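Chains as they are written, first to last, in the deposited numbering: chain B, 37 to 278; chain A, 37 to 278; chain C, 38 to 51, 54 to 118, 120 to 141, 143 to 149, 151 to 278.
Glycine included, every Cβ here is placed at the ideal spot set by N, Cα and C.
Heads up, the thing below is written out as C-alpha cells.
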Amino acid sequence: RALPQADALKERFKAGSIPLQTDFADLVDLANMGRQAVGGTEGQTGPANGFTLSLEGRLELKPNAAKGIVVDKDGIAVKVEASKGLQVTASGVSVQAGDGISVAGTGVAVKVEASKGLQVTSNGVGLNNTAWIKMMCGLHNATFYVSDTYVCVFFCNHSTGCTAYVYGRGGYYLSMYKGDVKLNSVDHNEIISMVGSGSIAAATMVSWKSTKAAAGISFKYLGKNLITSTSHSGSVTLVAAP
Amino acid sequence: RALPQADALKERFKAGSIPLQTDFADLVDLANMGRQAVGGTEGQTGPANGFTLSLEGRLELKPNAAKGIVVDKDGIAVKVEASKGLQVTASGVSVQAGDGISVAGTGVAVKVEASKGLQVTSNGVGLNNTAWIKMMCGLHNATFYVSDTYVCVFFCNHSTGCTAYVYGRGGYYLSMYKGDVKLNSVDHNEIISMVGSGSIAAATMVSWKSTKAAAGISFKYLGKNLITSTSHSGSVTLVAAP
Amino acid sequence: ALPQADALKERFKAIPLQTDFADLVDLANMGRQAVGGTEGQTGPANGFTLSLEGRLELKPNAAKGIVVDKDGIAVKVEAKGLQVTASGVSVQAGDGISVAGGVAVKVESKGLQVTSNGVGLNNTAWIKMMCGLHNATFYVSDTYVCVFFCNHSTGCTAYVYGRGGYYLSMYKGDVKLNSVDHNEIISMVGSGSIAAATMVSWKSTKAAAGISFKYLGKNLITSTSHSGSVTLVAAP
C-alpha cells in the first residue's frame, strides 16, 4: 500500500464522513514518513551516513571536516588548505602553478626557459643540445659567440677591440694565418695557438685591436683538419650570448 | 516523551475507540517531525546549512558551486576545473602529471631524463656529476668519448678516420710521443699540443687518418704529470656520446 | 501556513472540525513533500536517495570523488599526489617540488635556477662543469681568469682558462699559490714572446679553501697587466 495523497485523505475527514480505522491508519503512516526519513522507526538504526539529527529535531549535514569537506551558509564546499598547491574558483578545483611549474591540458608540467639550456619531454627534464653554448659563454665571460659545424668562438669586448676564445668542432681546427680570420671583414692583429708538427698551428685565441663584436657582425674563417689538407671557408654572423 | 510507533498508534484509532487528547497529541507531534527536520517549526531558523527548501516543499542540497562541489542526476560531486592540473576517477581525485612530472606514493615529483645530465634529490633538482660529459660532447660535436681518472677524450669521425679533442684530469696530461696514444691498437698520425719546458708537451688534438671511433673500440694512452716523471698506462674503451 | 503543533493540539483537546483534520493531514504530508513523494513531484532531489525502509540517504557520486561513510561526507582522494588533513586538501610535494604561496620547482649549488619564466641554468653552473671536466676540487674565478686545482702527489696542478679577453702569464714569479712561485707550466704560444699559461703546477704546495691565488693577467690588445689576488674555494 502507498498512502493516499493529501487531497484524497482530506475528504475522508470531511464533514459528515465516517472516518474509519483505515483512514486513521493512513493518517498515522503519512505522519510517520518524516520519522522513517530520519531513520527513527523501530528496526531502524538512526540517521543515514552523512546526516545528523539535532536535539531541536533538525536534519543536519555531517561533513567529515578532517577529510576535506565543510558546510556553511554558502553550502557544501571542498576544504582547500590555502596556499598549499590547490586553488578553487567557480570553474572548480585546480592546481596552482608556482615558479617552474606550468599547468595545461597535459596536466601539471615543468616549465623551462629554453634560452637557459633545459629541455622537458615525455621522458623528463634535461639539458638541451645547446646548453653547452651558455656554459662556454659563462666560462670566458663572452657576450657574443659564433657556432657552426667546424668552429665555435666566444667573443669578449675589451679596451678598443675584442678577443675571442676558439674551439674546434667535428675534428676541425681554426687556421692562424693572417687573412684566415676576419671579424667584420678585418684581419686579426694577434693570435695564440697550439702547435702541431711541421708548421701546423691551431688558433685558440684571436684578437682585433679596433674591431668590436656585436650581434650581426660577420665572422669569416678558414678551418683545417689533421687528416686532409683541404679547408672549409666559413662565413657566419655573431649572435648575442644566451 | 518518545512518540509511539506506527502500529501502536494505529491501535489507539481502532474501530470502536474514543481517541483521547493524548492520542491526538501523539499524532500531531509525529506529523510535526517532517516540519522539524526542515527547521519549519516555531523557534527554528529554517533549513540547516547545506540544504534548501523548494516551493514544492522538497528538501534539496545546496552545493557551494563557487567552491568545488556540484550535485546533478549522478550524485554529489567534486567540481574539478577541466585540464587545470587535477583529475578524477572512480579511484578518487589525483594530480595529472604532464611532461617532466611524475606521481607516485612519494607525491608530486620532477622526472628528469636519465642521460641528459640532471638530478632530482630531496634537496631539489640539480645537475648530476657527469653533466659535463654531455656538455663537452656538444661543444666539439663529438659522437664518442672516453673518460677515466687522468684524461677525457672526445672523438669526431670525419673523412677516412677521426680526430679527438683531449683534456687532462686529476693534474695529468696526454703524452704526444708516437706510440703513446692508440685507438684500436693503432698509433696516431698527427697531433697538436701545448708546450711546456724543454721536451714537455701535452696533446690537445690527436688524429688517426684511417681509424674510426665507435662504441667498444679501445683507447690506450700514456698519461703524464708535471710533478713526478712517472706515467700512467691507460686502457679504456669508447662510449657513445650522451 | 499550517498551525504550530501546540496550536493543533488545542483543536484536538479532551469534536474536531474538518479544517483541523485538513491541517493535520497537510502537516503529516510534509515529510512526503520533502522526499519528493507527492503527486506532481518527481521523487527525491538530486544528491538524495530514498531507501526501501523509507530513510533519506545521500547519493555520493563515487566516481567523481565524494564518499560518505560513518565519519561523514568526505573528498575521496586517490593515494597519487594529493593529501587531506584537518586543514583540507592540498598537494603532496615529492623530490624537486616545494609547496607554498602555488606548486613550484625546487632546485639545489647544483647549477639550476627557477624564476617566473621557468627552470634554467644559473650564471655559475659552468663552474660545476669545469670542476667535473678536470676533476678539480678547488677553483678561483674572477673577471680575468679562472683556475681549477687538482691535488696530486706532493703538490698541485691547475688548469687555466682566460676570461674577458685575458690570459694568464707564464713568467716565473707571475703565478703564486700560497705566495709560492710555480715550478712547471704548460702554454699556448703567440707572437714574439707572448705565451698563455694553461697548466700550472706547484710540486710542494697543496690547494685548499682559503689559500691565496695571485697572478699576472695579460691580454692581446694592450701591454698592461692586471695584478690579481683571490682565494681558493671548494668545488661545488
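Across the structure, C:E96 and C:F87 are spaced so that their CA atoms are roughly 6 Å apart. Taking 7 Å as the cut-off, the Cβ atoms of A:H194 and B:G134 do not count as close. In the three-state DSSP reduction, A:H224 falls in the coil class, being neither helix nor strand. The beta-bridge partner set that DSSP reports for A:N165 is empty. Going by beta carbons, A:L219 and A:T247 fall inside the 7 Å limit. The beta-carbon distance between A:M230 and A:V202, rounded to whole angstroms, is 10 Å. This is too long to meet the 8 Å contact definition. Around the beta carbon of C:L66, a 10 Å sphere encloses 16 or more other beta carbons of the protein chains shown; the residue is thus reported as buried.
Contact note: B:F49 reaches chain C through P55, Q57, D59, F60, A61, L63, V64, using a C-beta cutoff of 9 Å and chain order.
Cβ atoms of A:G82 and C:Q72 stay farther apart than 8 Å, at about 15 Å. Scanning A:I105, A:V217, A:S119 for the CA closest to the CA of A:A113 turns up A:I105. Positions of the alpha helix (DSSP H) runs, each at least 4 residues long and wholly inside the segment 39-68 of chain B, are given as 42-47, 57-67 in order along the chain. Residue contact with chain B for C:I253: absent (no Cβ-Cβ distance below 7 Å to any residue of chain B). Close partners of A:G128 in chain C (Cβ separation under 9 Å): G104, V106, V114, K115, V116, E117, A118, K120, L122. Contact check for B:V64 against A:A42 passes: the beta carbons are separated by less than 7 Å. Under the three-state reduction of DSSP output, A:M172 falls in the helix class.
Residue burial annotation: A:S243 is buried, with at least 16 other C-beta atoms found within 10 angstroms of its C-beta. A direct Cα-to-Cα measurement between C:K260 and C:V272 gives close to 16 Å. Taking C-alpha positions only, C:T196 is separated from A:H224 by approximately 32 Å. Taking all protein chains shown into account, B:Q155 has 16 or more neighbouring C-beta atoms within 10 Å of its C-beta and is therefore buried.
Against chain C, the beta carbon of B:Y201 has neighbours under 8 Å at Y203, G204, listed in chain order. Between the alpha carbons of B:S265 and A:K245 lies a gap of roughly 12 Å. Here A:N68 is buried, its C-beta having at least 16 other C-beta atoms within 10 Å.
Annotation: the segment 177-237 of chain C contains the following complete segments of the beta strand (DSSP E) (minimum length 3 residues), in chain order: 180-183, 187-194, 197-204, 208-210, 217-219, 226-232. Taking C-beta atoms under 8 Å as the contact rule, B:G128 and C:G160 fail to qualify, at a distance of about 26 Å. Assignment of alpha helix (DSSP H) within the segment 122-148 of chain A, counting only whole runs of 4 or more residues, yields no such run.
Less than 7 Å separates the beta-carbon of A:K170 from that of A:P278. Beta bridge pairing from DSSP links A:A239 with A:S229. When secondary structure is reduced to three states using DSSP, C:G75 falls in the coil class, being assigned neither helix nor strand. Contact between C:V74 and C:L91 is ruled out by a C-beta separation of about 13 Å, above the 8 Å threshold.
One Cα belongs to B:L274, the other to A:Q132, and the distance between them is close to 43 Å.
By the CB criterion at 7 Å, C:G143 and A:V144 fall outside the cutoff. For B:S229, the residues of chain C that pass the 8 Å Cβ criterion are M230, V231, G232, in the order they occur in the chain. Out of A:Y257, A:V124, A:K103, the CA that lies nearest to the CA of B:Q123 is found in A:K103.
Around the beta-carbon of B:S254, fewer than 16 other beta-carbon atoms lie within 10 Å, marking it exposed. Under the criterion of beta carbons closer than 8 Å, B:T199 and C:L262 qualify as touching, at roughly 5 Å. Between B:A84 and the set C:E78, C:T125, C:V107, the nearest pair of CA atoms involves C:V107.
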